[PDB]
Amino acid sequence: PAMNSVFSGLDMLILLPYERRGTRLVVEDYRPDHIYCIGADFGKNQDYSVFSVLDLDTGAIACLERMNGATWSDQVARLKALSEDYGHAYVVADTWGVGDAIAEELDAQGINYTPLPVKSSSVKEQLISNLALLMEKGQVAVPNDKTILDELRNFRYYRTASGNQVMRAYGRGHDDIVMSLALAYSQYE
């Protein structure tokens, strides 16, 4: 890792085998004795949407769905399906800048969700520092997928012109997986 890497506790990340079923990485099927939530980062234009199903009883990701270019309505429909598959799991939705259609459709489709708008660097810092702490404590468990692990590895610290800390992907990379995971783990106790 670089000097400015955010996830200094990557060595304590638990790596889980999975089956790739289309856009889903399935670690395990629904356990009805457990309670789940889903961290949801939507894709605005050609950005990736990522939905991370977290078993709140074990702290392990059960399923992660990722794609780009899906229509807004299809993103909501895929989220509905995931929620229903995991016992009407509640969605932690980053509602910031998603547009009226997704917001309206979450309600119109009766999706079980709570808003967590990632509306500033301060909110992002809260989410990320919680994920990083849980990770160092050996409480984060994710599909053992190189794309996921690489996005975590390449998440780094930078300073703005005003001196404020920001966190983002190295180079010209993506962080939708990082954010989806952080949205899920925001609920984990």
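The first residue of the shown sequence is 1; numbering continues from there.
Per-stretch averaging of Cα B factors for 40-48 and 125-133 places 40-48 on top. On average the C-alpha atoms of 11-19 have higher B-factors than those of the other stretch, with 172-180 and 11-19 being the two compared. The PDB entry assigns residue 75 a C-alpha temperature factor belonging to the middle third of its chain's modelled residues. When the CA B factors of the chain's modelled residues are split into thirds, the value for residue 85 lands in the lowest one. Compared with the other modelled residues of the chain, the Cα B-factor recorded for residue 33 ranks in the highest third. For residue 116, the recorded CA temperature factor ranks within the middle third of the chain's modelled residues.
The deposited CA B-factor of residue 143 belongs to the lowest third of values across its chain.
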